[PDB]
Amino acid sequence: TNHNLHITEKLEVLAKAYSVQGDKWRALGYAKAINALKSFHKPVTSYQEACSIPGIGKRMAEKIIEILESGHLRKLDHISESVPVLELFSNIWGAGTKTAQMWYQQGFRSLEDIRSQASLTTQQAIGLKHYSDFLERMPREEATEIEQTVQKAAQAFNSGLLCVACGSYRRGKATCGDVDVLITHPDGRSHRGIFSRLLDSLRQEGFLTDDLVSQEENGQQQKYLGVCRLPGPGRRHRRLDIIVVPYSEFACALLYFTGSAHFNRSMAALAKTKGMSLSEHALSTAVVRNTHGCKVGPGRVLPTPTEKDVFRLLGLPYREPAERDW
């Protein structure tokens, strides 16, 4: 399916380098180019052809042809020797490019250096100790078990609750880097107060081991980001997200948390070109603005009972989860 593998592998290396260095826009640009290459119907055979692909410009075309005709990309030999370390540091949940840069300027070079000498935020300390477990993508089965665990715990409070694992799991991938469980209820009200009760229950059985983000001093359209671990010998710690939402937002939440991230932003961009706005909450008319183009409030929500409804209103052919990698 990817006729340009020999090419996308090389471009991915540069993209990642720019990314870990904080050059976010340059990296986003590469991503869209790389994605466009992956979906191209055949191997790219010329500069002109490459440039013709939406998402690929002169700069990228030039590199593509260089790889195509020589089998290599010289720019790769000129990547700063600091990239591997910056990557290692930003692999720690809670630590981004700014923190990786700080640690590198202070002279740190290994996870051991970070452990013994770096100032760590509460979230980062958790990210560090579970570094390896978090970098390992778990097999689909485990994801299923984690999702079932959350479902049973929630349904024990209200059998009507609907629980759905999204992210890569819903996109049908064989391995998952995390598990995101979306919860709601058909009656449009019984989702209230589930968060608190659900968390304490999961903590009761030792399933939840660490909390990264969880504002339990607020009961509104919530989110929990933490660490879970299935009972039983040898089980690793895994990243678990729990989002509880009202029934009216279910479709957009399902669409957003299923992803991918590239797909979400592409859809949102597309929504704006049609005078609309897409968020994990809803599909609305264009947001309201002030004299100087400043946003002074939300647009009007357009009811979307199902994901199909979002595509319909955007004038786009429906896409199944497995087809949303970008």
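Numbering starts at 1 and follows the sequence shown.
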Exercise. For the C-alpha atoms alone, is the average B factor greater in 244-252 or in 135-143, going by the entry?
Worked result: 135-143
Exercise. Which is higher on average in the deposited entry, the C-alpha temperature factors of 211-219 or of 110-118?
Worked result: 211-219
Seminar exercise, completed: Reading the B-factor column for Cα atoms of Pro84, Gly226, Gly127, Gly71, the highest value belongs to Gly71
Seminar exercise, completed: By the entry's values, the third containing the CA B factor of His185 is the middle
Exercise. If you rank the chain by CA B-factor, which third does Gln123 end up in: lowest, middle or highest?
Worked result: lowest
Exercise. Where does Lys308 sit by CA temperature factor within its chain: lowest, middle or highest third?
Worked result: lowest
Problem set entry | Cα B factor band for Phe257 (lowest, middle or highest third within the chain) | lowest
Exercise. Is the Cα B-factor recorded for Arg192 in the lowest, middle or highest third of its chain?
Worked result: highest
